[PDB]
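*Asks:* My questions will all concern the structure given below.
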Amino acid sequence: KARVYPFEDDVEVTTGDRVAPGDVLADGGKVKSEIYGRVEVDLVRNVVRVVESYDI
Amino acid sequence: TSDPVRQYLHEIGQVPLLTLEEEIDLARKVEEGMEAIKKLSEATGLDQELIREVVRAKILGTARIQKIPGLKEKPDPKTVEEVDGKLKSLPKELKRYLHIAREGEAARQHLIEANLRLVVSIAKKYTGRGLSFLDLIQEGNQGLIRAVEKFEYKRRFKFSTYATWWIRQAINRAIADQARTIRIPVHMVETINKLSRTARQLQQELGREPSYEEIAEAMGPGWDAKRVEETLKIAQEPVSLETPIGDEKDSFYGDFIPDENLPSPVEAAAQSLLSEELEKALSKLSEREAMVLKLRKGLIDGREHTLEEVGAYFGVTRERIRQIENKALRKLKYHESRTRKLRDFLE
DNA sequence: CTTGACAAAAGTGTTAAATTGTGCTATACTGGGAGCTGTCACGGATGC
C-alpha cells in the first residue's frame, strides 16, 4: 500500500526520510508527495514512492 | 515464565530463510554498495569506513547511533552532519552511488538476519561452556557479521559454509576470553586442550589414567612431568565462597577463611611495644649516633639514608658515619644483654 | 673523623627468548532442551 511519484532528474530525498503533505520530493520541487509515510527512492524503476505510515 | 531463549527463538522465527536467488542478490547488492562507497571515497576525498558509518547513521537509526557510543566517540553536529552536507554537492552519477551504498548496507543486515537461524543451531552443540545459551549464541553472531563482510558470492559457495567457519571460531574464542574466573590467554587454553585430549586417548587405550611421565611422553618434545604438572596446576579454577558444607545447608565456605592481611590486636601492641622500648633504649646513645641509627634504618623519614647522605648533612665523611653506627650498635648491644627487655621479638 | 683504593651491591642500556594477541579455514551445515513431584500458612495482586 503506497503512492507512486515518478521522477526525472535526481531527487532531494533519500530512502528512509519521513514525509509531509506536499513537501519537495524530486527534481527541484517537481513532484511533492502528499501523504503520511516512509519514503523509498528507486533508481531502477525511476520512481520515489511513499508507503502510508505515521511516525510513531 | 518469560523465557529469554524462546524470545530470541521466535524472534528469529519471524524472518524466513533465503534460497540461492535471494542470497546471491543480497551479497551482490552488498559488494555493490561497498564498491559504491569506494568510488564515493574518491568523490569528496574521504575514507571508506567514514562514509560507510555515515550511511549507518541515516539507516539503523538517526540520533541513537551517535547518542550512546559512550561519552566520547564522534560529534554528531560536527564530524557527521558536515559529511552529509559535503556529499550533497554532487551530480547524478555521483549522488546515485549513495543510494546504491545504503541499499547494500540494508542488504547486509538482511543477510545477517536470514542466516541467524544457522548461528543459533551452531551454539547448541557448543553448550556446557563457561557461558550459557544466549551468551554463546550472540558471541557467535558477532562472528556471523565478520563472516558476512568478508564473504564473496563470486566463488559460488553457499554462505552456510563460510559463515559456519566464522561462528565455530567466534564461539571457541568466546570461551577462551571468558571461561574461568581468572583470565587465561589463548595459547594456554590450547596447550591445556591438547593435554586433556591426550589424557582422554591414552586413558581410553591403557584402561586407566596416565602419569606425568607417560602423558608428557605422548605430548612430544620439550614436554616433561614438571611442565604438564605445571599447566595442570594452572588449569584448575577458583572455588566459590558460597560453597555449601556436608549435610548442613546453612554452613558456608568463606566463613572459614581468616584475615591475615590485617594486623591482629596482639600485633598492634607488639609493634607498639617494640617501637617504644627501642626508643627508650635509644636514648642512651650520643645525640649524633642515636639520630644516625634511626636515619639509617628509616625511623625518621621512612627511608634508608646512604652513608653519603648521613654524612652530607653532618659534614662528616661516609666512613665516619659507618664507624659511628657500628660503634653505636655495639654500645646498644651492651645494654640489651643486661636489661633483656628487647631480647624478645626474636620471631 | 679523614683519604684513597676496591669488592660487592645495585644501575642502566640493548637484546635474546617467551608470552600474548589476532586472524582465518569457502562443500554444505539455517528454532535448545530438560525435565520433577509426599508441605504449609498467609497476605496481596489478579481474574472471573
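Using the numbering of Swiss-Prot, the residues shown for chain B are 92-438, in order.
Every residue, even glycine, has its Cβ placed from backbone N, Cα and C.
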*Asks:* For the record in Swiss-Prot, which of the ranges B:226-229, B:342-345, B:418-421 is the motif 'Interaction with polymerase core subunit RpoC' one?
*Replies:* B:226-229
*Asks:* How do the residues of the region 'Sigma-70 factor domain-4' (B:372-424) split into helix, strand and coil according to DSSP?
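*Replies:* The breakdown for the region 'Sigma-70 factor domain-4' (B:372-424) reads 34 helix, 0 strand, 19 coil.
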*Asks:* Under an 8 Å Cβ to Cβ limit, what residues of the same chain, 6 or more beyond the ends of the region 'Sigma-70 factor domain-1' (B:93-128), are close to it?
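*Replies:* For the region 'Sigma-70 factor domain-1' (B:93-128), the nonlocal Cβ contacts are 139, 142-143, 146, 188-189, 191-196, 198-199, 201-202, 204-208, 211, 224-225, 228, 239, 242-244, 249-250.
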*Asks:* Summarise the motif 'Interaction with polymerase core subunit RpoC' (B:226-229) as counts of helix, strand and coil residues per DSSP.
*Replies:* 4 helix, 0 strand, 0 coil
*Asks:* Could you count the residues of the region 'Sigma-70 factor domain-1' (B:93-128) that DSSP puts in helix, in strand and in coil?
*Replies:* 27 helix, 0 strand, 9 coil
